[PDB]
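Notes for the one structure printed next.
In this document, chain identifiers A, B, C, D, E and F correspond to the written order of the chains, with residue numbering beginning at 1 in each.
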Amino acid sequence: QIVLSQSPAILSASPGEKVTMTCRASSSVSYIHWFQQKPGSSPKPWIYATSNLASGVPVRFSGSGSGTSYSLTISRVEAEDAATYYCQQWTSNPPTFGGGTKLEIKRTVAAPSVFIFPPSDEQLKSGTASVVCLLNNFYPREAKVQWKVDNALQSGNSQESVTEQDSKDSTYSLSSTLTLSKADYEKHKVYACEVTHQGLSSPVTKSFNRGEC
Amino acid sequence: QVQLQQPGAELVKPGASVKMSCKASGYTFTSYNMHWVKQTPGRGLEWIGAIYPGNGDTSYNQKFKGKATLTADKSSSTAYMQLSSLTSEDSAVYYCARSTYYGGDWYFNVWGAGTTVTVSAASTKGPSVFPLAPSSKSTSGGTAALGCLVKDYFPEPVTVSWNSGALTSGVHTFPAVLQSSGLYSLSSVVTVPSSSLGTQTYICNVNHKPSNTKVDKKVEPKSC
Amino acid sequence: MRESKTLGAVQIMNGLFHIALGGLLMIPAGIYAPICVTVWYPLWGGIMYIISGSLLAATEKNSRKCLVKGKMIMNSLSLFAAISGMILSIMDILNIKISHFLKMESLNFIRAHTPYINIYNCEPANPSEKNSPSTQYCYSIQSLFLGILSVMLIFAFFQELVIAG
Amino acid sequence: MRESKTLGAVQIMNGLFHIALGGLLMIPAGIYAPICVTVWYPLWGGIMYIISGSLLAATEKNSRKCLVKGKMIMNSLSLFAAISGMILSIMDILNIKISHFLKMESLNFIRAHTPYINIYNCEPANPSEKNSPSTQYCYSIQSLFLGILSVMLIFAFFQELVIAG
Amino acid sequence: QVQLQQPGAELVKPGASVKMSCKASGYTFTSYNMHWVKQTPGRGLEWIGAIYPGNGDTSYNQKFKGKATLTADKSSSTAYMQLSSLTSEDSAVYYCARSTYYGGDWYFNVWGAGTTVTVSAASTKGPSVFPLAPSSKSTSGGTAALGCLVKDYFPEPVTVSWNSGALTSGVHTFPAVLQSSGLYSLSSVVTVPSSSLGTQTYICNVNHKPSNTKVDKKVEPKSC
Amino acid sequence: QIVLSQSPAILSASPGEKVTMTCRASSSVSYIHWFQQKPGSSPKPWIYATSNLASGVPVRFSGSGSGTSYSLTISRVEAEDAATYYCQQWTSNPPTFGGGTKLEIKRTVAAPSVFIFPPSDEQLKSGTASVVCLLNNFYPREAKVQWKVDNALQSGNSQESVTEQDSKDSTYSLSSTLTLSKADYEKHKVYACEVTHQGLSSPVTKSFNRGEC
């Protein structure tokens, strides 16, 4: 069994740039095959036998390499080129797939709009407290949210999720949720989430006081 | 033209077994090897094994040699894979694929649509929907953020629309999270002019077909 | 005593045959090579086996004995090659037939001639191929490597039976 | 004289090496086998080399030498075995590298394990295959056979240098 | 749908050289091996060699390695074979064929229509047509045999019809024979009621398009 | 190189019954492929890898065998089955083809109708004599013609040609031609061809005297 390493993990370019991505095998191989996948579909074959384009693949693409070192190159990226690319080999048992490369679209930096929602009375009547911290329409994806309650750092009690990237403006939206028991929610006054991002000169905190409405 | 067809999903109790099928069309079934592939968000793509339906020779990856069993109906043009003793580790997407010798090397030229396996003991559960009410604590720049929380349902999916689909601009529905209780939770949010929160009515329409749940929730600026 | 000249002669022949089989075994045959070759065992083993032919010098009892006692140390080092060589060969013969206990990267100028090949796994991923001549070659090469290693094992063992005082 | 006991010992070792290489060379490897194997030479050569170790007998000069004169005939026939063995190997090494001067049908229980293989021609009919691993497998097997035969040649030649003594 | 198109025939002076072509259509030309095959009535089918247009690697049968030379136009989708120093031994049909790997072995799945090569020094020659007149020496059982002899023409073919094609029943036209003069001769015969040889008119119509010969011969019992 | 021998050379049956034919290799082969050819066309592929029917091949056919010995079999021969079949191998270099088998249709025995034509007056003015001996609509194909001139056996001076078998009555026709110089044609009186065939209880001679008209 031989392993294929791909780099970079995330590749970033503007339309009309040239871009390249590389696969290095731990041992020399006869050929590399490349596949494209998008969320919600089967992989598609893309390049076979190192350098032959599959049916319907746009001429923007080409493939090259030999021995242990191979590359795939895109002459002028376009908005439809956004996907994950897997390299593959058949030289030995079992056949193996690389770890994949994800291709983004560059754009300018956009700071998030932040919103916070206290629990609804219907949830409190059910015995649950959920606190939602929302970060809206921002770039880059990399952001950090810390929860603080009465200036006390929370840990291990929150989950977050982020949308896929929007195909028109390339921004992201992110939500984080803090969940406590009702008995713990009413033990404190000030509840906060702290947001740090490249677009922010300092962390921005949005918070509210329990029982103040 | 050439196609491979699979069923969309399977629900399995832990420790039981499941059998799933890939049906061929449009080509001489007995003349090519059929291959199975496993995908997961943590370990990428892994190859399970293959069957040559022309005579029933098989080959396995040792790491799966104790799990899988491949068989083929030479007459009905259907391949089967059986998995036994399922655990939480097996929840993944499984593909069949056809391989051909082409241009001096093999390649996987056609792929099935994929089957999703969920390993879970949990029963069907209808969700509870709680409002994320708009407020001064949710007002910004002439816009307000509001939404609906679809808490604790099983299995996936939930569909969300707003005002029967009359409101679509600025809606973001986040991917569902699997919770430690084994239920899922999801939220959907939208930004609207904050000046008219007092005049405009916004209702999210939540459908959970597996439970036949159909719930409308009004969202209005009742803070707290 | 008088056996000793004969024993030395036998030891020398046994040393040359190691150089022969060690060279033959190093012919390009994939990315992985047997441990003993990566250890270079056949070359040092053979060289030590020949030097230990010193008893060919015979018993020069002139003055204080001219089979100089350092030769007993010389004899003594060669015994170290017989054990370790036998253990190496019986380890390699296992790596060929159950699984890799170890893997070793061969040498770069060897790889230049067989870069796409292995012999330690040999079964095709595509079941249509299980009768292709391409597979029958690989089993034949495994059988040749098992042969060469087993002959090395037995002739190496044939030192330990005698290379001792 | 006193070289003779040594020479006998050397001759015996050289005889066992032929049994070893002869067996190894007979491992299934195709429909055609080297002439020397089909002639069955590696067995009879080695056997006669050991028999011709009869000079292993001590030179009992008991009125007339106990190395009974028939042993001289024995020694001579073994020299005939040495010459013929050398010529057969230098013929086989040519059949591998230019063309078949001869072809020989191997033995039926050998063919039971490699019925679809030949090592004497090794080039694909399909030019797409010239880099397929199957071709590198075939050339490696040819290189092993050239090796084994060349070692047999040189050790067989090492009789004729001395079995005239 | 896949097709390989070849030109129909070649005429060559002895000792000169000839180049013949095989054009592909309907598939990715650069991805398969192209093979050439020779057929003769004496030796049957023999394999000449192959080219892989993907990179220009070639392989030859040693028996032809001095004769042939294979080359391919990677852009125009055309293969060529050149033959040199032609002799009478080279008159045969030559086919191109496409080889694919399928069902566990190679096979030749598509074949060209074939090119016929004739090696001959001879010039174009128009035939002489002689009657085989019907007579009592050609009468049997109420039937008579009559015919036309198309003697000494080059090259092939000759076409024969009777009465502009109004007579076809019982016509047998024999395959042409190559003569020791290097010309061909052919004959065509038909049996008709012997009672009417004096009253019915039978004319054979001979066309030799390569020489533009168009000749009508009346066939009657009146000659001996 | 390995050679493939086929048997029989000519094979025959009546419509509607089983027939079989063999191909034997000098050495064991992984598979045999079978091809069908008719006069005036390229070969067609017929069976690939010992036992798989090619596209459109009627279900009458089957193929079987292993090792050195193989067979092809036809369950119920039909009038369209008439062709030549070659076996083929890819096991070694080069690939090779068998000597072929020709499939006839049997019918009843039919004796030939015999005719003879003296030279035309127009040919004699051209300085040539051609003598044609005609055998019409006979079966089986095996026939022998000997030319005799004034009871003297001719040799080495005749060529003959035969039709293929007619698909509607399964008979053959043959013409044999004797050619002499004019000076030799007028040196003799009696010119004859002698016909021998299985349908004839004794040879039949048709002859004429030169200048008899």
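The definition used in the following text is that contacts are C-beta pairs under 8 Å (C-beta built on N, C-alpha and C of every residue); 3 or more make two chains touch, one makes a residue touch a chain.
Counting C-beta pairs in contact, the pair that comes out ahead of the other among A-B and D-E is A-B. Of all residue numbers that take part in the contact between subunit C and subunit D, over half occur on both sides, making this a same-residue interface. We define each chain's centre as the mean of its Cα atoms; on that basis subunit A and subunit E are separated by 70 Å. Note: centroid distance subunit E to subunit F, computed from Cα atoms, is 18 Å. Between subunit D and subunit F, the centres computed from C-alpha atoms are 55 Å apart. Residue positions 30, 52, 90-91, 94-95 of subunit F each touch two or more of the other chains. Residue positions 31, 47, 54, 102-104, 106 of subunit B are each in touch with at least two other chains. Counting partner chains per residue, subunit D shows two or more touched chains at residues 116, 123-125, 128, 131-133. Across the interface of their complex, subunit C is touched by residues 5-6, 9-10, 13-14, 17, 20, 23-24, 27-29, 114, 116-117, 132-134, 136-138, 140-141, 143-144, 147-148, 151, 155 of subunit D. Subunit A makes touch with subunit C in their complex at residues 27-30, 67, 90-95. In the complex of the two chains, the subunit D residues touching subunit B come out as 128-129, 131-132. By the touch criterion given at the top, residues 31, 54, 101-104 of subunit B touch subunit E in their complex. Subunit D meets subunit E in the complex at residues 123-128, 130.
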